[PDB]
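Asks: Have a look at this one before I ask anything.
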Amino acid sequence: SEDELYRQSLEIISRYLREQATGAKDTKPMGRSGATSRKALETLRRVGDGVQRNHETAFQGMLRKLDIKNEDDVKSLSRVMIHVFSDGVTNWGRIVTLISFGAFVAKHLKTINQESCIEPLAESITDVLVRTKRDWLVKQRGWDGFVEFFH
Ligand SMILES: CCc1sc2ncnc(N[C@H](Cc3ccccc3)C(=O)O)c2c1-c1cccc2[nH]ccc12
């Protein structure tokens, strides 16, 4: 509960996936360090949308292989993301890739009428990110470092 990095990471990732899936912006205010969270979500819309467009075939290929139909499938994706994401090197390129693939899957979840799985997917991505890359994120100045890196 006393973990600002986790709270802010979940807020950003949750909002991006939800707005990617529904096409609607969330109007609830951002709690603590609102400006940073706003700018981060703003950066994701530019860079994340970019990754999904530029790498559509690779994302569609991966989604087809994973065959997501339900909550059990979304649960097993987290195991995949740990192996895939956590075993490789650490940088904002791969972090945006992970979150962008998150958003790609979220749109699929809306397509197949499994919207209830989007919040659990966002929490699973947040947990992989902040659990496996804590020390890297803190050293990089967290979401302020993310905003500055993609300016
Ligand atoms: C679970 C899917 C995931 S999460 C994930 N998180 C971070 N990085 C990833 N990939 C980048 C390479 C990359 C870059 C852009 C588009 C595609 C790949 C990296 O490892 O450096 C992946 C992948 C992923 C891995 C391998 C093939 C893939 N094809 C579709 C997604 C995907």
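We label chains A, B, ... in the order they appear in the structure tokens, count residues from 1 in each chain, and number ligands from 1 in the order shown.
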If we count only C-alpha atoms, what is near residue 44 of chain A at a cut-off of 12 Å, once residues fewer than 6 positions away on the same chain are taken out, given as an MDAnalysis selection string?

Replies: chainID A and resid 12:17 19:20 37:38 50:52 92:93 95:103 143 146:147 149:151

Asks: Could you pull the residues within 9 Å of segment 58-74 of chain A, counting only C-alpha atoms, minus those fewer than 5 positions along the same chain, as a list in words?

Replies: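 Here the qualifying residues turn out to be residues 52, 101, 104, 105, 108, 109, 112, 114, 116, 117, 118, 120, 121 and 124 of chain A.
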
Asks: Near residue 128 of chain A, within 9 Å and counting only C-alpha atoms, which residues show up once chain neighbours fewer than 3 positions away are dropped, as a ChimeraX atom specification?

Replies: /A:78,81-82,85-86,123-125,131-133

Asks: Please dump the current selection as a PDB file, in the first residue's frame; keep C-alpha atoms.

Replies:
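Writing done, so here's part_15.pdb:
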```pdb
ATOM      1  CA  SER A  78       1.788 -13.076 -17.276  1.00  0.00           C
ATOM      2  CA  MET A  81       5.699 -11.713 -20.092  1.00  0.00           C
ATOM      3  CA  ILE A  82       8.001 -12.649 -17.151  1.00  0.00           C
ATOM      4  CA  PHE A  85      10.175  -9.288 -20.742  1.00  0.00           C
ATOM      5  CA  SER A  86      12.049 -10.027 -17.463  1.00  0.00           C
ATOM      6  CA  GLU A 123      -2.346  -5.299 -12.979  1.00  0.00           C
ATOM      7  CA  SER A 124      -0.364  -8.275 -14.340  1.00  0.00           C
ATOM      8  CA  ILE A 125       1.727  -5.979 -16.635  1.00  0.00           C
ATOM      9  CA  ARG A 131       8.485  -6.381  -9.499  1.00  0.00           C
ATOM     10  CA  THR A 132      11.259  -7.338 -11.975  1.00  0.00           C
ATOM     11  CA  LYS A 133      12.642  -3.854 -12.861  1.00  0.00           C
TER      12      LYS A 133
END
```

Asks: I'd like to know which of A:140, A:111, A:130, A:88 is closest to ligand 1, using only C-alpha atoms and all ligand atoms.

Replies: A:88

Asks: So what do you get for atom CA of residue 23 of chain A versus atom CA of residue 49 of chain A, distance-wise?

Replies: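 We find that atom CA of residue 23 of chain A and atom CA of residue 49 of chain A lie 12.3 Å from each other.
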
Asks: Need to verify the contact set: residue 32 of chain A, 12 Å, only C-alpha atoms, exclusion of same-chain residues closer than 3 positions in sequence. Can you return it as a list in words?

Replies: residues 3, 4, 5, 7, 8, 9, 11, 29, 35, 36, 37 and 38 of chain A
